[PDB]
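Here's the structure, in structure tokens; my notes come after.
What is reported rests on the model, the rules as stated and the sources as named; no laboratory read-out is quoted. Here the Cβ positions follow ideal geometry from the backbone for every residue, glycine too, while neighbour counts run over all protein chains shown.
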Amino acid sequence: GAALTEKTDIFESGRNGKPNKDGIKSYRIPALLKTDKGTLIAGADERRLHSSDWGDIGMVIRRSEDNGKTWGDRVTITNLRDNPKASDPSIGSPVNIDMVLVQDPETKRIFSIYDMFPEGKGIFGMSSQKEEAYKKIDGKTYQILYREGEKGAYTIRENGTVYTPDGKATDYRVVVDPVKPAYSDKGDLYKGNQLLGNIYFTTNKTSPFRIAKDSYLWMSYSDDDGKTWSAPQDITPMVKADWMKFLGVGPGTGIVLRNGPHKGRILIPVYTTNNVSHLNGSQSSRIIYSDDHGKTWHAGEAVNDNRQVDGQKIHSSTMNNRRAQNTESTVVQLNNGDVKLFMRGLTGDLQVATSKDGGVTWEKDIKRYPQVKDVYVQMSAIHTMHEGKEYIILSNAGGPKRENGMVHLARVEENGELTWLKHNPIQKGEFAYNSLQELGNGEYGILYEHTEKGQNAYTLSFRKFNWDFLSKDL
């Protein structure tokens, strides 16, 4: 009957502030994906120097070919090299953080989309003034490079050749086609055959060039079930509006629409901040999507765009309202075609937005479910069918704080409305970010953050449970 496996540790953090067996202090931000081959891919932030949202962080995954019983060795998707001359190593490396995994059911290509920041304190080190990151030239978009003492924008063109602001080729070049393991050479700046530095370094530089100190979105893909990954592709220019300050993913696992006029569309949860209130009052959820199997991406509109708050309208680009913010989110499509966005917020309970057009726009009323508490932490939710009936399973912390992990079960009515049926505990003690996946045969899996015995935040563990666990009271 009711079944819940013992927790299995997939990514182990060190303890008492010390590095683990591999010299890594922390792991965070789980992403779990069940591929067409039945493989389970567990992704995470490999945070070597500390648990904060910056520093030396690699995008890594582990593959399980036996439904979660055993896992292979870590596979690094991307890990940029540190600035060896930074005065403070804790904030001395270009950063990659927070990933979203998803597989196209037709092409079978698996995508890993994550944030990228040049050297610094990441999202918590966002400059006050905007720096243009790209420049269009002859219908071609090129990434910009800045040089101290010059106002003009240099550009990185074909073969990584650096061009002067006046459009003339220089003897400088950027490694735009990295070849080292983990693509740690991406961004390396050369003058002839001499390695001078890296365009992602922002302090104590040894080369003359650096990219804009902004927020970026990178994408890597695998066509061999997660074993090998392509070099990172910068998709920022396709989805980041000029007013956006921060633009990052709502970590976890994205989806591909199963039905409706937009069937096949890949949806990736993301959120932004604006230059008016930034992290204090503008965090706003939305999704980015692709209708051509991940070749090109587009941004949907924010849930907060033209939203009525306390009698007046707001826009994600101009708002300054702490309570109206919605940040990291998880997305699900119902059988009626509607898209539901469950968003991390500050109301104390579950906030859900609904889109009738494949995730581009959102209906006016954001539904709140007092039945499901929200202590302001990431969550994950998935669509599922049982005995011909439609449901949604959602997991997050039960509180008081980021503790007591819960798995909430809701019945999906014909009109898309939700009816919460059960709320069952899955992990006592510390519990934070998590990622759910249906495994089939009435089983489900979850990769989540938890600590105990002095473990550093966090150790990512895995558990499997079935329908009896979800619907029955233990």
Over the range 416-437, the set of residues outside any loop (DSSP other than H, G, I, E, B) and either touching a residue at least 60 places away in the same chain (Cβ under 8 Å) or under 24 Å from the mean Cα position of the chain (by Cα) (or both) is 418, 426, 427, 430, 434, 435, 436, 437
Selection from the range 433-474 of residues hydroxyl-bearing (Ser, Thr, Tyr) and in contact with a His (Cβ under 9 Å, 6 or more places away or on another chain) yields 458, 459, 461, 471
Residues in the range 81-133 that are hydroxyl-bearing (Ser, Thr, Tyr) and surrounded by fewer than 19 Cβ atoms within 10 Å (Cβ to Cβ) total 5
Subset of the range 136-153, residues without any contact (Cβ under 8 Å) to a residue 40 or more places away in the chain, surrounded by 15 or more Cβ atoms within 10 Å (Cβ to Cβ) and under 28 Å from the mean Cα position of the chain (by Cα), comes to 142
Residues that are part of a strand (DSSP E or B), closer than 30 Å to residue 293 by Cα and not hydrophobic (A, V, I, L, M, F, W, C): does the range 121-135 have at least one? yes
Residue 51 meets each of (1) in a loop (DSSP other than H, G, I, E, B); (2) small (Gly, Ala, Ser); (3) more than 16 Å from residue 121 (Cβ to Cβ) with one exception, condition (3)
If we ask which residues in the range 302-341 are closer than 20 Å to residue 409 by Cα and either within 19 Å of the chain's Cα centre (by Cα) or outside any loop (DSSP other than H, G, I, E, B) (or both), their number turns out to be 8
In the range 438-474, residues that are part of a loop (DSSP other than H, G, I, E, B), crowded, with 20+ Cβ neighbours inside 10 Å and touching a helix residue (DSSP H, G or I) at 6+ places or on another chain (Cβ under 8 Å) total 0
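Results for (1) under 25 Å from the mean Cα position of the chain (by Cα); (2) not assigned by CATH to the domain that holds residue 151, shown as yes or no for each residue.
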site: 181; (1), (2): yes, no
site: 190; (1), (2): no, no
site: 196; (1), (2): no, no
site: 200; (1), (2): yes, no
site: 207; (1), (2): no, no
site: 217; (1), (2): yes, yes
site: 221; (1), (2): yes, yes
site: 225; (1), (2): yes, yes
Taking the range 189-247 and keeping only residues that are without any contact (Cβ under 8 Å) to a residue 40 or more places away in the chain, charged (D, E, K, R) and part of a strand (DSSP E or B), one is left with 191
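Let's see how each residue does on (1) in contact with a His (Cβ under 9 Å, 6 or more places away or on another chain); (2) touching a residue at least 60 places away in the same chain (Cβ under 8 Å); (3) in the same structural domain as residue 251 (by CATH):
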site	(1), (2), (3)
106	yes, yes, yes
115	no, yes, yes
123	no, yes, yes
155	no, no, no
163	no, no, no
